[PDB]
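Only one chain is shown below, in structure tokens, and it's the form deposited without the ligand.
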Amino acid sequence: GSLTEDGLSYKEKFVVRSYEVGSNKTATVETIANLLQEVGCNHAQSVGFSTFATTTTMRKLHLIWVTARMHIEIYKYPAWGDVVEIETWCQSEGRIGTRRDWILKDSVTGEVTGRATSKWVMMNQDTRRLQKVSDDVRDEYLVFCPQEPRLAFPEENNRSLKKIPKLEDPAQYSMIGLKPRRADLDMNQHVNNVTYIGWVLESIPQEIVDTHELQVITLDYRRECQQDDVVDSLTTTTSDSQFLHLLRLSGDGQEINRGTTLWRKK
């Protein structure tokens, strides 16, 4: 890992591991999600913003960054043993939050094999509840960001900004009774964001996963799943195959996540 020449982005190479791949000997979308999160964490560390990726006024008001939206598009999943180079950068979205974008490339050819975008909001670190975003904690990190607009999804009306509807009962498919284990928690005993992607895909029938490849995943994070919570994952086909997804707590039916996935025949 190393910051690029202008110090406005970070790049890192990963060799795909035997246990990180699926039945097609290529990296799963959850492995990709963890690789995106790891290169995000090393970019914050390399510029002096790690203690959580936080700024000086955030540390004082006790605010942390939390994911509100994750959008990934994969054109080619890396094979077991292949080297994948990822480039990451951040940009402010005014006083509404921040964005982190990624570009995945094949190290051998330099060809783009995927791309991601994420929306981040402020949250009180002690209570774990959402709080406003002010310009007080804005100028302190914008010098480590590209100045002109730079997006992984620049195109007008692109899939990453599409409004997601809420799934109406009954769901076509479901996986009920999902619970997090210690391996699903992060260093601060909180459920890893990549877990929710896995839980979302659990309600997709195996026949689909065996005959199709996942091209697009958009996921909105409404509420976090606590260590002792139990989640149901619901899916209904809306179509290439398209699915509408809903993660909710088993007891009260409180929404934790909503999303959409797009799959293509192999």
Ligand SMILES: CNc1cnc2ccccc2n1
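In this text, rigid core is short for the largest set of C-alphas that superpose within 1.5 Å between two forms. Residues that one form lacks are left out of the comparison. Residue positions are given as counts along the sequence shown, with the first one as 1.
The form deposited with the ligand bound exists for this protein as well; it is not shown, and the discussion that follows is about that form.
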- Any non-hydrogen atom of residue 236 within 4.5 angstroms of the ligand in the entry with it bound: no
- Message: So, residue 232 and the ligand: in the entry with it bound, are they within 4.5 Å at any heavy atom pair?
- Response: no
- Indicate whether the ligand has at least one heavy atom within 4.5 Å of a heavy atom of residue 128 in the entry with it bound. yes
- Item | residue 68: touches the ligand in the entry with it bound, heavy atom cutoff 4.5 angstroms | yes
- Scan 217-243 and write down, in order along the chain, each residue with a heavy atom lying within 4.5 Å of the ligand in the entry with it bound. 221, 222, 223, 224
- Message: Let me spell it out: fit the two forms on their rigid core, measure each listed C-alpha, and pick the one of 166, 163, 182, 132 that moves 2 Å or more between this form and the one not shown. Which is it?
- Response: 132
- Query: Superposing on the core, what residue ranges of at least 3 consecutive positions move by 2 angstroms or more in Cα between this form and the one not shown?
  - Reply: 126-133
